[PDB]
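Just the one chain here, laid out as structure tokens, in the form deposited without the DNA.
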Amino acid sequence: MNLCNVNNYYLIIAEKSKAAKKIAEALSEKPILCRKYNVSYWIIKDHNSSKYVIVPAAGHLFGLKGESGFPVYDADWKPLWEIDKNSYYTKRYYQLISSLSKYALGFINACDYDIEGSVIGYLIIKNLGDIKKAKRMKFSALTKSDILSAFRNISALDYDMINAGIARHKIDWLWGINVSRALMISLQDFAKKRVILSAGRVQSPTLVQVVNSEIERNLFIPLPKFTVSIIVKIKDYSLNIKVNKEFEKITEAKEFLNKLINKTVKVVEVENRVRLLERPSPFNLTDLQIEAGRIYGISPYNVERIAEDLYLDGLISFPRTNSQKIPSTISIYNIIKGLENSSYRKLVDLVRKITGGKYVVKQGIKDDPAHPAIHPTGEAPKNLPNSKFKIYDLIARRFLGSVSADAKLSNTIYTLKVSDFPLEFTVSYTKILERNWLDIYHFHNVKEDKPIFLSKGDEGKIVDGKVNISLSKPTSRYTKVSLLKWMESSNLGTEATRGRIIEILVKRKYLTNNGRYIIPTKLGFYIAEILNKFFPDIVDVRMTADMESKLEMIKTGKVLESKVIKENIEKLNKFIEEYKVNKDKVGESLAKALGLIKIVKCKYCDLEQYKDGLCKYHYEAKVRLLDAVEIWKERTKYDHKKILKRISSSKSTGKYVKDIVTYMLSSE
């Protein structure tokens, strides 16, 4: 008897070794571990009358190959070991599957339940097996019951889903290859040096967004306004109140403050109310990335990778989802009972106490009807490495928080009417009455104020106060989380790809990490400006989202993949035309960028001068400065030197402006 000898079997293709193992244990109490080409795979002789072999793909086994040089109109699937030397290790997975496929009765794609898994399984079965004998397992968690359920409900492959993923891969590859070679070729022909440059259908509009926002930030000048704070003596309290009215000119604010001193104020309304602070909804992937970035500093790409690992451990549901809902087809009770039998037992006892034993998900807005929100399966976490445990604990507490109870806050608002004036201002304080979910998803601080006890009709006096200057503020620099939110909001990429695009931008050195903020490098800056200057259509956020909408329509059967491919060729042909025209200037710009041809540098940076010895950005900085100073003068009456000092001292002031300002203060 040969343990690993089998015939007349269905071949089940899984994406990862852990998923293959999980599927084997779902199908048999004694699955057989085999090894060939140094790859572990599983034989199921036990399940019903049929036999099964479960093999991991390890990831993509196929990649796109096209023409060399520029332009590239074609993209065809080839084994990755043949076309990508960083992927020759996959050859052994390719060999195993090809060997097991010849003697197979049929094929089951059990890759992950997203578009990538549909493509991976399709390419493998189509090329190594028989596509006409192909079925799809669609599961959202690697629990025995979810796997068995999907095995029982095996369906045809979803060719519309497959075509949507193929279309996105081919269109992404075609745009990246063509634009990146067009850039490198224009430099080779103009400076005779070859440097590696990259571009992407989503990377490039993303880099342009960041560069444009960094320019705007670097040209920002805080403008002044004035606020009035008053001190109200009423009963035993001394209340510092910031008045809700703002003033452009300092004289209007002084006027306003002085007519309030020594006036009487009367409590004319008291409002005591209990406010709800709703328990959170279960994570979709973006929400998880956002929260794990804020709390632990884990990058979006790593959050997704870690969540995928936890799903492969059977600990959470599949994390590539937009949904913030848990439908009734998911047993909350089973999850809760699982967590009760784990290190989360005491947290579950607390949720039981908070709810009385009634566990109701606070359903979020976003849906994804085939892909529920991220939640724990109820299987017990054990021995989790550090970053894994942080992510699992986030997901578990978010879920447990979502089935607990809304928090309650007591609010008291006093309305105070000034004597002789049509003006009334408020004093308010909030206290936590019931913490509830705040003790479960304990990552949300609630500001509490010391109580203030006043009755309707109580009177006091405004005894003192101050006019205070308030400087306008720049839009914040991007964080990874903040950039990721912009991508989601603009519908660039998918929630599965956005985190990787951000990481690819850093790896290829167009972006860099300055603390929590992600800023351009010089190279990223130049590439963004070049793409902006010469190829605005390919970095237009609206047109990128347009393409995203067409890709989404392939999934529904509403548009043909072949039609999106044709339309993309049309777009490439338009890029080709624009490239022939501008190629020499594109190459010249790239040359200046890397110091390859000497330029007359700006007085304050390395960019090429534009006017007055200033680059285009420092020149705009000066224009903005002159106008901002005028606004400062009209509003504050400060003299020139003092306005400059106040702009120079504010960290809101862009660096281009700050260069100009420091110069003018150094002048004589």
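We number the residues from 1 along the sequence you see. For the two forms, the rigid core is made up of the largest set of C-alpha atoms that agree within 1.5 Å on superposition.
Form deposited with the DNA bound: not shown, discussed below.
- Spell out, yes or no, whether the shortest heavy atom distance between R201 and the DNA in the bound PDB entry is within 4.5 Å. Result yes; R201 sits at the interface with the DNA in the bound PDB entry.
- Any non-hydrogen atom of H169 within 4.5 angstroms of the DNA in the bound PDB entry: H169: yes, in contact with the DNA in the bound PDB entry.
- Task: Would you please decide whether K16 lies within 4.5 angstroms of the DNA in the bound PDB entry, comparing each non-hydrogen atom pair?
- Result: It does: once the DNA is placed as it appears in the bound PDB entry, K16 has a heavy atom within 4.5 Å of it.
- Close approach of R508 to the DNA in the bound PDB entry, 4.5 Å, heavy atom: Answer yes; at least one heavy atom of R508 falls within 4.5 Å of the DNA in the bound PDB entry.
- Counting only heavy atoms and a 4.5 Å cut-off, does the DNA in the bound PDB entry sit next to every one of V467, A628 and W632? None of them does, since no heavy atom lies within 4.5 Å of the partner.
- Query: Taking the partner as it appears in the bound PDB entry, which of 486-494, 420-428, 344-352, 233-241 has residues with heavy atoms within 4.5 Å of the DNA?
  - Reply: Flagged stretch: 486-494.
- Task: Just give me the single entry in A58, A26, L607, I643 that has a non-hydrogen atom within 4.5 angstroms of the DNA in the bound PDB entry.
- Result: Only one option qualifies, and that one is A58.
- Work out which of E529, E214, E503, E308 lies within 4.5 Å of the DNA in the bound PDB entry, going by heavy atoms. It is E308 that has a heavy atom within 4.5 Å of the partner.
- Query: From first to last in sequence, which residues of 73-94 have any non-hydrogen atom within 4.5 angstroms of the DNA in the bound PDB entry?
  - Reply: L80, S87, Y89, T90, in sequence order.
- Give the option from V403, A307, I554, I326 whose C-alpha shifts by 2 Å or more between the shown form and the other one; the alignment is on the rigid core. Meeting the 2 Å or more criterion is only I554.
- Please say whether, between the shown form and the other one, the C-alpha of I391 moves by 2 Å or more once the core is aligned. Where the cores coincide, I391 shows only a C-alpha shift between the shown form and the other one that is less than 2 Å.
- Query: Does the C-alpha of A26 move 2 Å or more between the shown form and the other one once the rigid core is lined up?
  - Reply: For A26, whose C-alpha is compared between the shown form and the other one after core superposition, the shift is 2 Å or more.
- Residue shift check between the shown form and the other one, rigid core fit, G121 Cα at least 2 Å: Yes, because once the rigid core is superposed, the C-alpha of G121 moves 2 Å or more between the shown form and the other one.
- Task: Regarding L148 and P376, go with closer or farther for their CA spacing in the bound PDB entry versus this form, the difference being 3 Å or more.
- Result: More distant in the bound PDB entry, by 3 Å or more.
- Just say closer or farther for the C-alpha distance from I554 to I374 in the bound PDB entry, relative to the shown form; it changes by 3 Å or more. More distant in the bound PDB entry, by 3 Å or more.
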